[PDB]
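> generate coordinates for the sequence data below:
(5 chains)
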Amino acid sequence: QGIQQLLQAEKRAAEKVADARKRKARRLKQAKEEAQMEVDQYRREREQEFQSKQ
Amino acid sequence: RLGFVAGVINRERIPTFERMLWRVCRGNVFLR
Amino acid sequence: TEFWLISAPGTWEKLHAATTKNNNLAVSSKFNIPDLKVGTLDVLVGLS
Amino acid sequence: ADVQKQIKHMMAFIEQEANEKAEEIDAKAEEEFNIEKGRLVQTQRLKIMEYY
Amino acid sequence: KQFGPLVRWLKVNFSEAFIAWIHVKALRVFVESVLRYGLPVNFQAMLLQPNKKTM
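Numbers count the residues shown, from 1 in each chain, chains lettered A, B, ... in the order given. Please find the structure below.
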C-alpha cells in the first residue's frame, strides 16, 4: 500500500532528471546556433575595414 | 533512481533483524 | 567536570524551555547553530 | 504510524536528490555555456583572420 | 628564553584546537539529526548543559 506510493514519486524524479537533460541540451543547441550571430557580426566589421582598403 | 535488494532469512531472527537494521541505518529504510 | 549534549527536534522550541523547568537536573542553554548546506544522502552517511 | 514517518523522510530525500542533481547539471548548463560560446567565437575569428 | 615562546605557542594553538573540537561537534550534531528526525527544511535545534550525580 506504500510501495506503489514509493516508486511513483521516484518515477516522478526520473522526469525531473530528464528535465536537466531537456534544459542543458536545449541550451547547447541554442548556444551553438547563437554563435552564428558571430558570423553575421564580424562580416560587417570586415566590410567596415575592407572598403577603406578597397 | 535505485534501491532494491531482497533475500531470505529464518523467521526466528526477524524481530531482532528489524531492530538492528533500524539502529545502524538511523531511520531512512523501508522493510516489509 | 563532565558535559552533556542532546538535540531534541520533533512550539517545540518552547518545549526545551519546559526541560529548563527541570531545574534540579541542568541549566539547559541553547547553543544555536547556523544552517549548513544539504544536497546529499549517500556521502552524507559516509561522512558520519 | 512509525513506518509512515520512515517513508515520508525518504520521499523528502528522493526529491532533494532530484532537485540537487538537476542543479549541478544546471550549473553545468551555465559553465559550459560561457566557455563554448567563447571558444566558437575564437575559431570563427581565427578563420576570418586568415581571410583578413 | 624558550619558556615564554612555549606557553604563548600553547595558548594560541590549543585555543584554536579546542574551538575546532567544538566545531566538529556542531557538524556531528547537524548530521544524524536529519536522519533520526525528519528534514522538511531543517531540524529543530537545541542543546544542553551539564549535570553531576543526577545523570
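
> the longest helix anywhere in chain A near chain C at all?
The residue-count maximum for a helix in chain A (DSSP state H) belongs to helix A:3-34. No - Helix A:3-34 does not reach chain C (C-beta under 8 Å from any C-beta of the partner chain); its nearest approach is 12.6 Å. All C-beta atoms are positioned from the backbone trio N, CA, C, and that covers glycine.

> contacts for the helix or strand following that helix?
Going down the chain from helix A:3-34, the next helix or strand is helix A:37-49, by DSSP states H and E. With contact meaning C-beta atoms under 8 Å, 6 or more residues apart in numbering or on different chains, helix A:37-49 is reached by D:40, D:41, D:44, D:45, D:48, D:52.

> which of those residues lies closest to residue E:32?
residue D:40 (48.5 Å; C-beta to C-beta).

> the closest one: neighbouring residues, count only.
When neighbours are defined as other C-beta atoms under 10 Å in any protein chain shown, residue D:40 has 16 of them.

> before we move on, back to that, the longest helix of chain A: which residues count as buried?
By 16 or more other C-beta atoms under 10 Å in any protein chain shown, the buried positions in helix A:3-34 come out as A:10, A:13, A:20, A:24, A:27, A:31.

> now do the residue lying closest to the fourth one once chain neighbours are set aside against residue A:31, distance only.
Leaving out its chain neighbours, the residue that sits closest to residue A:24 by C-beta to C-beta, 6 or more residues apart in numbering or on different chains is residue D:29, at 3.8 Å. Going from residue D:29 to residue A:31 by C-beta to C-beta, to the nearest Å gives 9 Å.

> report the central residue of chain E.
Nearest residue to the geometric centre of chain E (C-alpha atoms, centre = their mean): residue E:22, 1.5 Å.

> ah, wrong one, I meant chain C
For chain C, the residue nearest the mean C-alpha position is residue C:7 (2.4 Å; C-alpha atoms, centre = their mean).

> circling back: show me what contacts the residue nearest to residue A:24?
Going by C-beta under 8 Å, 6+ apart, residue D:29 touches A:20, A:23, A:24, A:27, A:28.

> among those residues, which pair sits farthest apart?
A:20 and A:28, at 12.3 Å, using C-beta to C-beta across the contacts of residue D:29.

> so residue B:15 is in which element?
Per DSSP H and E, residue B:15 falls inside helix B:14-24.

> still on that earlier bit, from the contacts of residue D:29, which single one is nearest chain B?
residue A:20 (12.8 Å; C-beta to the nearest C-beta).

> contacting residues for the closest one?
Neighbouring residues of residue A:20 by C-beta under 8 Å, 6+ apart: D:21, D:22, D:25, D:26, D:29.

> closest one of those to residue B:26?
Distance ranking of the contacts of residue A:20 against residue B:26, using C-beta to C-beta, places residue D:21 first at 22.5 Å.

> tell me who's in contact with the nearest residue to that closest one once chain neighbours are set aside.
Nearest-residue entry for residue D:21: residue A:17, 6.2 Å, with adjacent residues in sequence omitted and distances by C-beta to C-beta, 6+ apart. Contacts for residue A:17 were tallied using C-beta under 8 Å, 6+ apart; they are B:1, D:18, D:21, D:22.
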